[PDB]
Amino acid sequence: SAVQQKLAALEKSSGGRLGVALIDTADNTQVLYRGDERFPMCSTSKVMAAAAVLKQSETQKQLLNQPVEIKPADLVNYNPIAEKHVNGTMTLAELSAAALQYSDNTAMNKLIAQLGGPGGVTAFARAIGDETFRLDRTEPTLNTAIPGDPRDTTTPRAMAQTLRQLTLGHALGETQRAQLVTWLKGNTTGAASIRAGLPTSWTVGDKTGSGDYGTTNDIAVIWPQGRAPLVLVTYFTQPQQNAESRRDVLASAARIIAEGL
Ligand SMILES: *C(=O)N1C[C@H](NOS(=O)(=O)O)CC[C@H]1C(N)=O
């Protein structure tokens, strides 16, 4: 298709590997480019972890309000919120918000620990019907993004379907789904990625990620003006380990997708 040829041309000009999955829930149509290839999720895996903790809160009514100790040794490579609360506490709701909206890696590690380790996030993924997602490590090593390494990867198709079930479907209870969507809509890191390729009037909730090998990711629920929502996953990774981020490529893929709508 024209969309397929253009995403292939974008990828070719990018010097890396691009994966895109669109679901149009007005009619459930799909656009896929490398939709079944694995990509390192990096920080976009945080969505799953927050959703898994949200799922826990459905049978632990007071869980999201429960204090967690932030200790000096807990800080990792990017802790814009957690570093403010060292030698203090954050609630799991606060940690979820920090992980999703500011991409705080200490907060992500607290979410992971609340689920019993990376395998608890993977187990939640399996429990909501996602067979492809795997989380294997904590922050920051889940971002190594090594080519051919299946750890901490998913496919665009699997992630699009999962994000749809989490934000628009019924993988979560109604309050938890609304809370997840509220968190995603208040993301602070997304304006250069999918959001930039979409018309300004469209509402986006998203989670960005980045890692080694110039890995540049975004996963978004999109509410276009006057139409049913879209789910759009754009993963991008590059051949050299120290490569620079390329959020403009995610914006370009989103712009190509918007024109095909
Ligand atoms: C997630 O990809 N990470 C956590 C934080 N956010 O990246 S984002 O700005 O693309 O969301 C810092 C970078 C990255 C990491 N390497 O930990």
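Going by the header, the method for this PDB entry is electron crystallography, and the resolution given is 2.30 Å.

Under the PDB entry, the name given to the chain is Beta-lactamase, and the organism recorded is Escherichia coli. UniProt lists a comment for the chain under the heading Catalytic activity (unreviewed entry), and it reads "a beta-lactam + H2O = a substituted beta-amino acid". Under Sequence similarities (unreviewed entry), UniProt gives the following word-for-word description of the chain: "Belongs to the class-A beta-lactamase family."

Bringing the packing of helix α2 (residues 45–57) against helix α7 (residues 174–185) into the picture now. Orientation of α2 relative to α7, taken along the N-to-C sense of each, is 150°, at an axis distance of 10 Å. Looking at the two axes, α2 sits roughly antiparallel to α7. Between α2 and α7 the crossing geometry is right-handed. From α2, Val47, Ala51, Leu54 and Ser57 reach across to α7, where they touch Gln176, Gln179, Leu180, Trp183 and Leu184. Looking at the contact of α2 with α7 residue by residue, the class counts come to six nonpolar, three polar and no charged.

Glancing now at unusual backbone geometry. Residue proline 140 follows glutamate 139 across a cis peptide bond; omega there is 5°. On the secondary structure map, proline 140 appears in the loop between α5 (118–127) and β6 (153–154). At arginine 34, a position not held by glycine, the phi torsion is positive, near 50°. Note on placement: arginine 34 falls in the loop between β2 (29–33) and β3 (39–40).

Read across the sheet, five strands follow the order β2-β1-β9-β8-β7 without closing on themselves; strand pairing throughout is antiparallel. Edge strands, defined here as strands with exactly one partner in the open sheet, are β2 and β7 (203–211). Direction aside, the axes of adjacent strands within the sheet are offset by 5° on average. Those strands touched by helix α8 (residues 247–260) are β1 (17–24), β2, β7, β8 (215–223) and β9 (230–237), and its axis lies near 145° from that of β9.

Below, the discussion takes up helix α6 (residues 156–167). Taking 1.5 Å per residue, 12 residues should reach 16 Å; α6 reaches 16 Å between its end C-alpha atoms and fits that length. The buried fraction of α6 is high, at nine of 12 residues. Every buried residue of α6 is accounted for by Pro156, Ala158, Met159, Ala160, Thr162, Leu163, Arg164, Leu166 and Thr167.

Position of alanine 2 relative to the elements: it lies in helix α1 (residues 2–14). Judged by its relative accessible area of 53%, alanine 2 is exposed.

What counts, and at which threshold
Here the residues of each chain are numbered from 1 in the order the sequence is written, which can differ from the numbering of the entry; residues without coordinates are not included. Side-chain calculation: all heavy atoms of the structure are included, whereas hydrogens and water are not. UniProt positions are given in the numbering used here, feature names are shortened, and annotations may be inferred rather than shown by experiment. In this analysis, axes come from line fits to C-alpha atoms, helices being fitted only over the stretch in contact, and the angle between any two N-to-C directions falls in the range 0 to 180 degrees. The way it works is that DSSP assigns letters per residue, a run of H or I at least four long becomes a helix, a run of E at least two long becomes a strand, and they are numbered from the N terminus. Put simply, angles under 35 degrees are roughly parallel, angles over 145 are roughly antiparallel, angles from 65 to 115 are roughly perpendicular, and the rest are oblique. Left-handed describes a crossing whose near helix is turned anticlockwise from the far helix through less than a right angle; right-handed describes the clockwise counterpart. In this analysis, two residues are considered to be in contact whenever any of their non-hydrogen atoms come within 4.5 Å of each other. For this classification, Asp, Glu, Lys and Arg are treated as charged, while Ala, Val, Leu, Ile, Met, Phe, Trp, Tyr, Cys and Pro are nonpolar and the rest, including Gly, are polar. Two strands qualify as a pair provided DSSP detects at least 2 bridges between them. Working rule for helices: expected span equals 1.5 Å times residues minus one. Burial classes follow relative accessibility: with a 1.4 Å probe on protein chains only, a residue under 20% of its type's maximum area counts as buried, one over 50% as exposed, and anything between as partly exposed.

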